[PDB]
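Participant: Quick one: the structure is below, questions incoming.
No Cβ is skipped: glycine too gets one built from the backbone with ideal geometry, and neighbour counts run over all protein chains shown. Bear in mind that the values in this text are calculations on the coordinates, not laboratory data.
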Amino acid sequence: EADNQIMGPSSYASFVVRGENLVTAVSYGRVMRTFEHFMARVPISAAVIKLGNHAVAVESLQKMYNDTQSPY
Amino acid sequence: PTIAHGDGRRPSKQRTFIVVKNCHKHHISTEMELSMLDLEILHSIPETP
Amino acid sequence: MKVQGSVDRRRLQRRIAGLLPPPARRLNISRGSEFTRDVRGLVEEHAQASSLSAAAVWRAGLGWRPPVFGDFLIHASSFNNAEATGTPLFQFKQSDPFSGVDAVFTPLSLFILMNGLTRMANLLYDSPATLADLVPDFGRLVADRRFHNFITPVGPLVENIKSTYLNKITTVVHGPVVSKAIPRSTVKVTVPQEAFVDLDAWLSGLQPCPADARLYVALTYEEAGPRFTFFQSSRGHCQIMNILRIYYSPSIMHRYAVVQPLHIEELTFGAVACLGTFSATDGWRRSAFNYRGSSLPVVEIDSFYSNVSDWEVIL
Amino acid sequence: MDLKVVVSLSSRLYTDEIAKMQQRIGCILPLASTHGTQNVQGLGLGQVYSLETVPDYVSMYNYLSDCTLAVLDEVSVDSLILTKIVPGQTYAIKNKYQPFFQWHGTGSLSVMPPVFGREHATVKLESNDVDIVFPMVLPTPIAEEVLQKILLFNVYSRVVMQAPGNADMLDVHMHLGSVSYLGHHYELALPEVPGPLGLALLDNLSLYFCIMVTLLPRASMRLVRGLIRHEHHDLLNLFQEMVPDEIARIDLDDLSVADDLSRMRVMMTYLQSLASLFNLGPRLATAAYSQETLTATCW
Amino acid sequence: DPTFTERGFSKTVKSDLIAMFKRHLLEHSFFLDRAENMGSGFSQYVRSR
Amino acid sequence: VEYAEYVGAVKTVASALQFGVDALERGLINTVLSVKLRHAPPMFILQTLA
């Protein structure tokens, strides 16, 4: 397999900012702080094969479906 | 964890399993015989070659 | 200073200051400045009240009615104290001697009166006579088909002030079943698995799931003494009676073997009431009773709402 | 605290049919489950009222009581927004049912299966391979009649056979097939073959009828025996000066009130149990009305 | 393998399983003795086993 | 003991919120995969139709 990592994601970072925003906003420290205030008040890393002239990424998502205990 | 669905599917709440394991015990033994003649001379004090 | 005192005014103030309602939301439509200072707050409050990310939504998170409890004075000899908190109790009316102890009954006590379930009942109750003397007219009421005009549902146990001669029992007569405790511990209503029969599970296009299931109690005067059962369904009161008649079809057939001796009073077979409504789409759970005797598998249902109904005759 | 439902369509509806749905705004319809997001296959009454199976109305009635009721609120190319109906809230409602009736203020309204017309009841969504069948709501007085119109038919059709007598079939239809209303007449669809749930419903009646028949009082018989020949009223016009012969046979014995009291005592209990059978569904209590906008305020 | 038990152990699932147990017991028992008879793709057979 | 009960509550709540967020991300992946699987015609048709 040609490359395990993929470092091509689009040059946009607004969406990654949104994601990290959500995750911190729900992080434990921030919920602690907000309740206290109310009382006081990176490649993708997927296999890449050369199919003739094209690079193509091979992946299976069965792990998230297994963890959520749902069929794939 | 779970997935969020668009169908009428009844969504599951937060779940959690609590599981217990227990020890299990084992015993082993073997026997040895020692002559009474053998034990005795250990406590005496030898006086000859 | 001279004495410390037993309470803290600071703590009392701070503990109340968290129970006063949120103020009203004014909106001045006479001055532009105040109008804007309030509309800004309007938009801020919508954000804070509908944005998942923050915990402020969950805080604003706190049409809820308190329950209506019932007190009863009972003979400690009649009521066992190891009963599970969450059993539904039943009361027997008394005409003139209403004053004294009221002698309320639980499921297992009623089983002992009317004669695994039996194992546990006899392990909980040493002598049937202590119960049987609470109803001196039972031998006649069963024959006249009148026991169900006096047995009334009162609701699921909450608190027991254990006492020697009398005893202070409390139930939830109506409304959300929750403890009387001040930390507000919660309880789940339980009934014996032997006496529990699921109607939808019994009769196994596609059926719809409403937002509410309901638990019924059915008292029937069979041949081999009277017996009572608890059913459960989310179907609908006009189909439930018919489904229950289908259920009791064979026993009615067996009972109608000899009908020319008794004249007219023995016609009635049984009655149904509706103890209350609990969460559908969740069903129930299995547990066991805790007594020294044995398992006694038991059905436990959560988040109950007691809404009693008068007895309804089936035949 | 919040009740709502969105029905997400798989494929966009045609510009013609979305217009048909908006006309059905403000009508009550039954939804299988109460969730924020719902499928379109659980929305209409279509599953229990198919085009390829014989329609049973009692079955539809049973389904309605069990299922939750949602007031259709808004239609889009992609979505249907509806509000679930809770036990204790006041909800605005509209009148749009094609077999048309005119309601009165503070009139108790009852929800029924589409007895009058299969076509009228359901709007076809040929975009999403479905049809949405709205239930028919009526003022309660006329609804109680239509229920009786049906239950009688499953008995009479059985009793009267077309092959033996063509004429008998025509007469029974006259009373049951059509429902009369103020300056109007509507035809009620009758299943050609009656094998549906009503026969089961009837079996429950006949169990009570055989019971009640035995505990009839006597004094209530003779009062009719005497009144018909001696006096004349609107109510007793059904019996002419002729009296039915059975009653003269049944009522010969003298009268004792104590015996009568026991019979009247027993009868009251079985009329109470019996009523449960009669409602056969949900009721809506109306609190106001606007004739020009054709809108009630149900509860 | 989870593909077989994604939905759960119904009656038909335990039917299709209990036959796979039958089929492996015939085919794959005594694998080292099986390789000694295979043509020389045996060293890859063991490594796979 | 009151402070331990408090921190226990806040752990519960933040964990429920994290549950909700991760359910949303997994639901996004699931819907995108289902869109592909809806608009993915079979090979035994496409190979010739292309």
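Participant: Please list the three semi-axes, largest first and in whole Å, of the ellipsoid equivalent to region C:27-167, using sqrt of 5 times the eigenvalues of its alpha carbon gyration tensor.
Facilitator: 56, 18, 14
Participant: Then there is this: Could you give the C-alpha radius of gyration of region D:5-48 expressed as a fraction of 2.2 N^0.38 Å, taking N as the number of residues it contains?
Facilitator: This ratio for region D:5-48 stands at 1.21.
Participant: Turning to a different aspect of this structure: Could you name the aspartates and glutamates whose alpha carbon sits less than 16 Å from that of D:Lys96, not counting residues in the same chain fewer than 8 places away?
Facilitator: D:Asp73, D:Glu74, D:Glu119, D:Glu292
Participant: At q = 0.13, 0.19 Å⁻¹, what log₁₀ I(q)/I(0) does region C:242-292 have when each alpha carbon counts as one equal point scatterer in the Debye sum?
Facilitator: The Cα Debye sum returns log10 ratios of -0.63, -0.87.
Participant: Let me ask something else about it. Would you mind counting up the charge near D:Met221? Only other residues with Cβ under 15 Å from its Cβ, with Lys and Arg at +1 and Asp and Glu at -1.
Facilitator: -1
Participant: Still on this structure: Tabulate in residue order the Karplus-calculated ³J(HN,Hα) for region A:61-69, using 6.51 cos²θ - 1.76 cosθ + 1.60 with θ = phi - 60°, rounded to whole Hz; enter x for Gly and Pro.
Facilitator: 9, 4, 6, 5, 5, 4, 5, 5, 6
Participant: Excluding D:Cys298 itself, calculate the net charge of residues whose Cβ lies under 12 Å from the Cβ of D:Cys298, where each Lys or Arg counts +1 and each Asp or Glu counts -1.
Facilitator: Neighbourhood net charge equals +2.
Participant: Quick one: angle between helix D:140-159 and the longest Cα principal axis of chain D, in degrees between 0 and 90, rounded to 10, please.
Facilitator: Helix D:140-159 and the main axis of chain D meet at about 70 degrees.
Participant: A further question on this structure: How much FRET efficiency would the formula 1/(1 + (r/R0)^6) give for C:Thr36 and D:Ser76, where r is the Cβ-Cβ distance and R0 is 35 Å, rounded to 0.05?
Facilitator: Calculated transfer efficiency: 0.55.
Participant: In sequence order, what are the phi-derived ³J(HN,Hα) couplings for region C:149-154 according to the Karplus relation 6.51 cos²θ - 1.76 cosθ + 1.60 with θ = phi - 60°, rounded to whole Hz, with x for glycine and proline?
Facilitator: Listing the rounded values in order: 7, 10, 6, 10, x, 10 Hz.
Participant: Hey, which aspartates and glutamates would be in cross-link range of F:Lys11, C-alpha to C-alpha under 16 Å, not counting anything within fewer than 8 residues on its own chain?
Facilitator: Those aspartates and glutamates meeting the cut-off are A:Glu36, F:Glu2.
Participant: Report for the protein assembly as shown the percent antiparallel among DSSP-assigned beta bridges with both residues inside it, nearest 5. Let's see the in-between values first.
Facilitator: On the way: 88 of 93 bridges.
Taking every DSSP beta bridge with both residues in the protein assembly as shown, the antiparallel ones total about 95 percent.
Participant: Moving on to the next point. Put one equal scatterer on each alpha carbon of the protein assembly as shown, apply the Debye formula with no solvent term, and list log10 I(q)/I(0) at q = 0.05, 0.08, 0.09, 0.10 1/Å to two decimals.
Facilitator: Result of the Debye calculation: -0.46, -1.07, -1.28, -1.45.
Participant: Excluding A:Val31 itself, calculate the net charge of residues whose Cβ lies under 11 Å from the Cβ of A:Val31, where each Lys or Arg counts +1 and each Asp or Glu counts -1.
Facilitator: +3
Participant: Still on this structure: Just check chain A against the gyration tensor rule for me: Cα atoms, a ≥ b ≥ c as the square roots of the eigenvalues, rounded for a/c under 1.5, and otherwise prolate or oblate depending on whether a/b exceeds b/c. Before the final figure, lay out each step's value.
Facilitator: Working: a/c = 4.65, a/b = 2.08, b/c = 2.23.
Cα axes put chain A in the oblate bin.
Participant: Can you list the residues, at least 5 places off or on another chain, whose amide H is less than 5 Å from the amide H of C:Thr106, using H built in the peptide plane?
Facilitator: Residues meeting the amide H criterion: C:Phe90.
Participant: Okay, next question. Going out from 0 in 10 Å bins, what whole percent of all Cα-Cα distances in chain D drops into each bin?
Facilitator: That works out to 5, 21, 27, 22, 14, 7, 3, 0, in percent per bin.
Participant: Could you tell me how many degrees, from 0 to 90 and to the nearest 10, lie between the Cα long axis of helix F:2-38 and the main elongation axis, the longest principal axis, of the Cα atoms of chain F?
Facilitator: So the helix axis and the longest Cα principal axis differ by about 0 degrees.
Participant: Measure nothing but the geometry: give the 0 to 90° angle between the long axis through the Cα atoms of E:11-27 and the longest principal axis through the Cα atoms of chain E, rounded to 10°.
Facilitator: Relative to chain E, helix E:11-27 is tipped by roughly 10 degrees.
Participant: Would you please give the residues with an amide H less than 5 Å from that of D:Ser178, counting only those at least 5 places away or on a separate chain, with H modeled from the backbone geometry?
Facilitator: Residues meeting the criterion, in which the H sits 1.01 Å from N, are D:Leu188.
Participant: If you count, for each residue, the other Cβ atoms within 10 Å and average over each peptide, how do C:140-152, A:44-56 line up from highest to lowest? Could the numbers behind the result be given before it?
Facilitator: Values: C:140-152: 16.6, A:44-56: 10.7.
Highest-to-lowest ranking by the protection proxy: C:140-152, A:44-56.
Participant: Moving to a separate point now. May I ask you to evaluate 6.51 cos²θ - 1.76 cosθ + 1.60, the Karplus curve with θ = phi - 60°, for each residue of region B:26-33 and list the ³J(HN,Hα) values in order in whole Hz, giving x for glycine and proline?
Facilitator: Couplings: 9, 10, 9, 7, 8, 10, 10, 10 Hz.
Participant: Which pairs in the list D:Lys20/D:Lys94; D:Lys20/D:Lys124; C:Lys93/C:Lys180 are over 18 Å apart, alpha-carbon to alpha-carbon?
Facilitator: Cα-Cα > 18 Å for C:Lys93/C:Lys180; rest within.
Participant: Same structure again: Hey, got the average number of other protein chain Cβ atoms within 10 angstrom for residues in B:5-17?
Facilitator: 6
Participant: Could I ask something else about it? Report, as a whole number in µm² per second, the diffusion coefficient that Stokes-Einstein gives for region D:1-116 at 37 °C and 0.692 mPa s using the Kirkwood radius over alpha carbon pairs.
Facilitator: 211 µm²/s
Participant: Placing one identical point scatterer on every Cα of chain F and ignoring solvent, what is log10 I(q)/I(0) from the Debye formula at q = 0.18, 0.29 Å⁻¹?
Facilitator: -0.71, -0.97
Participant: Taking amide H positions as placed in the peptide plane 1.01 Å from N, state which residues far from C:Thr87 in sequence (5 or more) or on other chains have amide H under 5 Å from it.
Facilitator: When sequence neighbours closer than 5 places are left aside, the close amide H contacts are C:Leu157, C:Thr190.
Participant: I need the Kirkwood Rh of region D:134-234: take the reciprocal of the average 1/r across all distinct C-alpha pairs and report it in angstrom.
Facilitator: Computed over Cα pairs of region D:134-234, the Kirkwood hydrodynamic radius comes out at 16.8 Å.
Participant: Once you order the gyration tensor axes a ≥ b ≥ c over the Cα atoms, which shape class does region C:208-315 get: rounded for a/c under 1.5, otherwise prolate or oblate by comparing a/b with b/c?
Facilitator: Note, shape of region C:208-315 comes out oblate.
Participant: Can you pull the Kirkwood radius for chain C, inverse mean 1/r over Cα pairs, to one decimal in Å?
Facilitator: Mean inverse Cα-Cα distance, inverted, gives 23.3 Å.
Participant: Within 10 Å of each Cβ of A:59-69, how many other protein chain Cβ atoms are there on average?
Facilitator: Numbers: counts 0, 0, 4, 3, 0, 7, 7, 2, 4, 10, 6.
Mean shielding count: 4.
Participant: Also: For a quick protection proxy, order the peptides C:159-169, C:185-195 by their average other-Cβ count within 10 Å, most packed first.
Facilitator: Sorting C:159-169, C:185-195 by mean packing, highest first, produces C:185-195, C:159-169.
Participant: Hey, which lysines would be in cross-link range of A:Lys50, C-alpha to C-alpha under 26 Å, not counting anything within fewer than 8 residues on its own chain?
Facilitator: Those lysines meeting the cut-off are A:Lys63, F:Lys36.
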